[PDB]
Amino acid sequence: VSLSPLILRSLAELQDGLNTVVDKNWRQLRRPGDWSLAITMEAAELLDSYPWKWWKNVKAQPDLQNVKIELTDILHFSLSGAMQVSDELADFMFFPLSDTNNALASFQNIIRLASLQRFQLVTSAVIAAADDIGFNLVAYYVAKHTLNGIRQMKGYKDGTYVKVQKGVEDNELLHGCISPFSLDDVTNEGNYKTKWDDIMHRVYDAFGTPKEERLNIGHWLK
């Protein structure tokens, strides 16, 4: 249903920090329609994790691990949209999402909500989806946030980064960085920041980031 407001605020802080790595003055440069488009396009990636096409590889299997990654990407963009516009559940999300027909309908409705700039509702939708599917959305967020920062360090913005190397997409390495961590670990009121820092360092390890280039949890929090 919902995250603790203190956890949500820390996620928002991380998101602002990441947006600032991309551009120092992102709050002036970006507009709500940018985040609508970004969510639309991640939702298309999410939809394409399923075998929806009736004319192309009809017996393909759903990439349910990639679903987690794309929902996490949507979260980054819905947090970002919410920092620019206030929006001023059971209608548009259909459970269980393990049913492919429910997933295709629900994730198409995320596109509609994005186009209406209902970013907070999109955030609520992703939280509800992670609860239904049963994955650790907060831990996924911290891990992908870290990979996002790594990508920026390694030339994503100037077109020199390569996402798939030796048969492995960078995103795939995140699953094992996160699996040691429980839901309680990453939402505990007193100790969550240390566990987020642990996730970050596991991701930096996975990409061989030199120690001097690593940004710890405190870099991101206000």
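Numbers follow the displayed sequence, beginning with 1.
Figure legend: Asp87 is marked as unmodelled in at least a third of the other comparable entries of the protein. Of the two stretches examined, 38-46 and 180-188, the record assigns the greater average C-alpha temperature factor to 180-188. Here the stretch with the larger average CA B-factor, out of 153-161 and 66-74, is 153-161. The deposited CA B-factor of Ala139 belongs to the lowest third of values across its chain. Per the PDB record, residue ranking by Cα B-factor puts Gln61 in the highest third of the chain.
In the PDB entry, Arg9 places in the lowest third of its chain by CA B-factor. Among the modelled residues of the chain, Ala129 sits in the middle third by CA temperature factor in this PDB entry. Among all modelled residues in this chain, the alpha-carbon of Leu79 has a temperature factor (C-alpha) in the lowest third.
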